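Presented below, as C-alpha cells, is a lone chain in the form deposited in one PDB entry.
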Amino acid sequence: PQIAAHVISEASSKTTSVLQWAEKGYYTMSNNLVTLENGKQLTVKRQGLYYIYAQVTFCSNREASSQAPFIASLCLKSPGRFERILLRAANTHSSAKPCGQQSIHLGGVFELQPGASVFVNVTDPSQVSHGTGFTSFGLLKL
C-alpha cells in the first residue's frame, strides 16, 4: 500500500528542542500505517526503506544569539534501541537587523523498522518561523 506523509509546523510553549507538527493545511496521511504521534513524531508500522525529509525556516541574529550555529537534526527512535541521528544541517546566524531569514532542507533514504519514529529538532526553537509553507516535515515509503 501507498504509505506517505507530510505535516505542517505549529508553534508551542514547549522550550524543549523537538519541533511540533499538525495535520492541517495541505497535510497528508495516506493510511493508518503512518501516524503523527503527540504532534512531535512520524511513526511507521511496516519495515522498509523511506525517503524522509524536513524543511526548517528560521529568523536569527548574530548579536542576540550565542556564538554557535543553528543546527537542525532529523532523528530516529527505533523500538528497543537508543536514539540516533540520521541527517543534520548547520547555519550561522545572520548579521541582519531584527533578524535574517534562512531555510534548511534535510532529505535522505533510511531503513525504518516497525514502530520506528522519526522527528526533527533544533538548537533554538524560538527562532523557527511558522508561516504558511515555511516549515514542514514528511516521509514517503519506497
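Under this definition, the rigid core comprises the largest set of C-alpha atoms superposing within 1.5 Å between the forms. Only residues modelled in both forms are compared. From 1 onward, residues are counted along the sequence shown.
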{"item": "Absent coordinates for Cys59 in a third or more of other compared entries", "value": "no"}
{"item": "Per the entry, higher mean C-alpha B factor between 15-23 and 129-137", "value": "15-23"}
{"item": "Comparing 97-105 with 73-81, the one whose average Cα B-factor in the PDB entry is higher", "value": "73-81"}
{"item": "Out of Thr28, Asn31, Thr57, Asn91, residue topping the C-alpha B-factor column of the entry", "value": "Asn31"}
{"item": "Lowest, middle or highest third - CA B-factor, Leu49", "value": "middle"}
{"item": "Chain-relative CA temperature factor third for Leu36", "value": "middle"}
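Although not depicted, the form deposited in another entry is the subject of the following passage.
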query: C-alpha of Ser78 off by 2 Å or more between this form and the one not shown on rigid core; finding: yes
query: Stretches between this form and the one not shown where the CA atoms of at least 3 consecutive shared residues shift 2 Å or more, core fixed; finding: 25-28, 78-82
